[PDB]
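Next come the chains, spelled out residue by residue.
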Amino acid sequence: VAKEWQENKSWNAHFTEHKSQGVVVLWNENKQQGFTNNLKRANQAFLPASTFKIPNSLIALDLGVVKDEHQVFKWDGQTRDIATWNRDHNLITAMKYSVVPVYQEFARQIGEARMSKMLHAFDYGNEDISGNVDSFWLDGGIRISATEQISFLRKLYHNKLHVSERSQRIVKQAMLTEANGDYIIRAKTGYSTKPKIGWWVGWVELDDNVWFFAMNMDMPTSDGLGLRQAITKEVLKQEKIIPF
Amino acid sequence: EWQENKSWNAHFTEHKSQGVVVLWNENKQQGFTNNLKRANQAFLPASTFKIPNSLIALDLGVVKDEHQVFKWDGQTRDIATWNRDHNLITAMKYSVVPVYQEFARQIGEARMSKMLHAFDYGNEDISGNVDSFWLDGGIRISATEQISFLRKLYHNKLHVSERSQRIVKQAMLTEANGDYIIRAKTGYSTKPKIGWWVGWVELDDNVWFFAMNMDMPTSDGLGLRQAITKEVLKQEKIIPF
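Residues numbered from 1 in each chain as written, not as in the entry; some residues may be left out. Chains lettered and ligands numbered in written order. Heavy atoms only, no water.

Asker: Outline the overall build of chain A, supporting the account with residue identities and numerical values.
Answerer: Along chain A, the regular secondary structure elements total ten helices and nine strands. Relative to its length of 244 residues, chain A is compact, with a C-alpha radius of gyration of 17 Å against a globular reference of 18 Å. Along the first, second and third principal axes, the C-alpha atoms of chain A reach 50 × 35 × 35 Å. Each of the 244 residues in chain A was classed as buried or not, and the buried ones make up 56%. Sequence-distant contacts, at least 24 apart, represent 59% of the contacts inside chain A between residues at least 6 apart. With an accessible surface of roughly 10,600 Å², chain A has 49% of that area assigned to carbon and sulfur atoms. Taking the average location of the 30 positive side-chain charges in chain A and that of its 28 negative ones, the two points are 1 Å from each other. (Helix = DSSP H or I, 4+ residues; strand = E, 2+ residues; numbered from the N terminus. Rg over C-alpha atoms; globule rule 2.2 N^0.38 Å. Buried < 20%, exposed > 50% of the residue type's maximum accessible area, 1.4 Å probe, protein only. Contact = heavy atoms within 4.5 Å. Areas by Shrake-Rupley, 256 points an atom, 1.4 Å probe, with all protein chains shown as cover. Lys, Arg positive; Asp, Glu negative; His and termini not counted. Charge placed at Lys NZ, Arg CZ, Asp CG, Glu CD.)

Shown next, in the form of structure tokens:
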């Protein structure tokens, strides 16, 4: 039988080396094959936390809540603990600094009915927006698995989500994280305080292939936040997707 | 509006090189160069022409999108990376002349000429072979003219679709980290021997356009295009050390 998914338990070493637990899921676009260290956890659904900024951006652009990637969302003047939030932002910087209050305001403008309809249209996780319209992805009913993140991301990559191509192109620009002569990573981090879960989801663009990834890990302290990228990169390195 | 900063010459003389770097501060609407005269000297754009050429090809449907494959024609050329299938992203990255020659042939003389006029691109002169005029024909552009063109592209103000401009800017992506994004294009003209690097640096709250050219007697110094530019960007605190 064609096994979409194969388990590679050797990747567990990358988690246990940091006394961590989690899952990395990879999808080889050319081969239409997925790999994970934990088939069960790969399919376990969690709060998306700030990974939700990807669908939230798309919806805000498609409904004209956000005009383009340069439109300024002025700071509301409330000083928050995260200094980078206490300034004006555009979509690019709001994504970069994971500026929750900008995205809360987008959610409020989108509203419950349109948010719910659009997540249904995206086939996004459990499509459930129960809770506050401006925090359901942090403390409400929405749940998504790593494999479901990859499904969603693959649609975004191919401009196949049910929003404009322009909206998808802008969000992909906003997701740009790293680029050099060897690869491009477009991705988004996420951190949920209850339960304590860290995410990193996105993809690695190579000359002749794209590798989608979605990882989550238990995140008891904020001290391990850098492990999201580090563990993922160790797997990408082991699989010769990116160089050492 | 324009200032000369001759201290940047140290970055050239460091490598027994000569050239110009031109910077434009988008927020301040101010330009800086080490050499006001060379900043205005026009050369063959060579592979920097891949920027307008891409735009025109996308707008006319010669190229569908950034993933459409242009199969290698099977002629082995000296540059190994050219002897394979390409898309717009990889064709730009490896500066794959034969893919862009085929675009130019499909675009044709009349549309190419009209579009460069519409883009206000350099001397707008396509004299020579339609598939090589930017390498050995009559088109000439200066560093300051590259910046003018690039500023329009950045603002989606060229007379092509927004989509075409967005795709080309994606194809220009060179470097990205948590401090900056560089979208740019190299170029190398063998007669006269001139190296180019043109593009911009995106920061949180500003964009700095750059255009540099330098004498390139040997292909050994091609890496100086980026190195010298980065030394100037570092000196001007645009990017960190």
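The rest of the description comes next.
Asker: Could you give an account of the interface of chain B and chain A, naming the residues involved and the relevant values?
Answerer: At the interface, 21 residues of chain B touch 21 residues of chain A. Buried surface at the junction of chain B and chain A, summed over both partners, amounts to about 1,700 Å²; 40% is from carbon and sulfur atoms. The tally of links between chain B and chain A comes to six salt bridges. Here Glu 162 of chain B and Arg 166 of chain A are joined by a salt bridge, their closest N and O atoms 2.8 Å apart. Viewed at the interface, chain A and chain B are joined by 15 residue pairs in polar contact. For the side of chain B that touches chain A, the secondary-structure elements that each account for two or more residues are α4 (88–93), α9 (162–171), β4 (173–176) and β5 (181–190) of chain B. Looking at which element gives the most residues to the side of chain B that touches chain A, the answer is α9 of chain B, with five residues. Tallied by class, the residues present in the side of chain B that touches chain A amount to six nonpolar, seven polar and eight charged. (Buried area = accessible area lost by both parts, 1.4 Å probe. Salt bridge = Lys/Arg side-chain N within 4 Å of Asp/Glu carboxyl O. Polar contact = N/O pair within 3.5 Å; in protein donor to acceptor, adjacent residues only side chain to side chain. Nonpolar A, V, L, I, M, F, W, Y, C, P; charged D, E, K, R; others polar.)

Asker: Please give an account of the UniProt feature "active site" (unreviewed entry) in chain A that cites residues and values.
Answerer: All names here are of chain A. In this numbering, the UniProt entry assigns the feature "active site" (unreviewed entry) to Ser 50. Within the secondary structure layout, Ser 50 lies in the loop between β4 (45–46) and α3 (53–62). For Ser 50, a relative accessible area of 7% puts it in the buried group. When sequence neighbours within four positions are dropped, the list of residues in contact with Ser 50 reads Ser 98, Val 100, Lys 188, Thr 189, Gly 190 and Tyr 191. (UniProt positions renumbered as here; feature names shortened; annotations may be inferred.)

Asker: Lay out the side chain of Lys 188 of chain A with the relevant residues and their values.
Answerer: Structurally, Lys 188 of chain A can be placed in strand β7 (residues 184–193). For the buried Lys 188 of chain A, no salt bridge is present, and the opposite-charge side chain at shortest range is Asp 204 of chain B, 14 Å distant. Polar side-chain contacts of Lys 188 of chain A include one of 3.3 Å to the side chain of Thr 189 of chain A. Ignoring sequence-local partners within four residues, the contact set of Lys 188 of chain A consists of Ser 50, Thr 51, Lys 53, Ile 54, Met 95, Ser 98, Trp 199, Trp 200 and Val 201 of chain A.

Asker: Quick rundown of the environment of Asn 28 of chain A? Include the residues and the values.
Answerer: Residues and elements named next belong to chain A. Relative to the helices and strands, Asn 28 resides in strand β2 (residues 22–28). Along the sequence, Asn 28 and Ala 45 sit 17 residues apart, while their C-alpha atoms lie 22 Å from each other. What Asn 28 contacts, discounting residues up to four positions off in sequence, is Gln 33, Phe 35, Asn 209, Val 210 and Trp 211.

Asker: Mind laying out the nonpolar core, listing which residues take part and the relevant values?
Answerer: The biggest cluster of nonpolar side chains holds 55 residues, and the ones touching the most others in it are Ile 54, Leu 58, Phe 106, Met 115, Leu 119 and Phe 122 of chain A. The next biggest cluster of nonpolar side chains, apart from the first, holds 54 residues, and it includes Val 63, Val 97, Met 115 and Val 207 of chain B. (Core = buried A, V, L, I, M, F, W, Y, C linked by side-chain atoms within 4.5 Å.)

Asker: Please give an account of the packing of aromatic side chains that cites residues and values.
Answerer: Residues and elements named next belong to chain A. The full count for this structure, using the stated rule, is 30 aromatic pairs over all chains. Their ring planes at 75° and their centres at 5.6 Å tell us that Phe 52 and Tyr 124 sit as a pair that is edge-to-face. Residue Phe 52 is located in the loop between β4 and α3, and its partner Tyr 124 is located in the loop between α6 (112–122) and α7 (136–139); the two are separated by 72 residues in the primary sequence. Exposure remark for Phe 52: the relative accessible area of 0% places this residue in the buried category. (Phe/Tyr/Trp six-rings, centres within 6.5 Å; stacked < 30°, edge-to-face > 60°.)

Asker: So, the UniProt feature "active site" (unreviewed entry) in chain B: which residues are in play, and what are the values?
Answerer: Residue and element names in this part refer to chain B. In the numbering adopted here, UniProt assigns the feature "active site" (unreviewed entry) to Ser 47. Here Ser 47 lies in the loop between α2 (36–39) and α3 (50–60). If we skip the residues at most four places from it in the chain, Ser 47 touches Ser 95, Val 97, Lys 185, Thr 186, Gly 187 and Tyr 188.

Asker: Tell me what's going on with the pairing of strand β3 (residues 33–36) of chain A, and back it up with residues and numbers.
Answerer: Residue and element names in this part refer to chain A. Strand direction decides the pairing type here: strand β1 (residues 5–7) and β3, joined by three bridges, are parallel. Bridge pairing links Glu 7 to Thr 36 in β3. Judged from the four bridges that link them, β2 and β3 form a sheet pairing that is antiparallel. By the bridge assignment for β3, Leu 26 is matched with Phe 35. Counting the residues in the hairpin turn of β2 and β3 gives four residues, including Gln 32, whose phi is positive at 55°. (Pairing = 2+ DSSP bridges.)

Asker: I'd like a description of the pairing of strand β6 (residues 193–202) of chain B, backed by residues and values.
Answerer: Residue and element names in this part refer to chain B. Within β6, nine of the ten residues are buried, leaving the element largely enclosed by the surrounding structure. Two elements, β5 and β6, share ten bridges in a ladder whose sense is antiparallel. Within β6, the residue paired with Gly 187 across the bridge is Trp 196. Between β5 and the antiparallel strand that follows it, β6, lie two residues.

Asker: Could you give an account of the environment of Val 235 of chain A, with specific residues and numbers?
Answerer: All names here are of chain A. As for its placement among the helices and strands, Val 235 is situated in helix α10 (residues 227–238). Accessibility expressed as a relative area gives 0% for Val 235, which makes it buried. In the structure, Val 235 is positioned 210 residues away from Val 25 in sequence and 9.7 Å away in space, judged by C-alpha atoms. The residues touching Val 235, leaving out its near neighbours within four places in the chain, are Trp 11, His 14, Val 24 and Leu 26.

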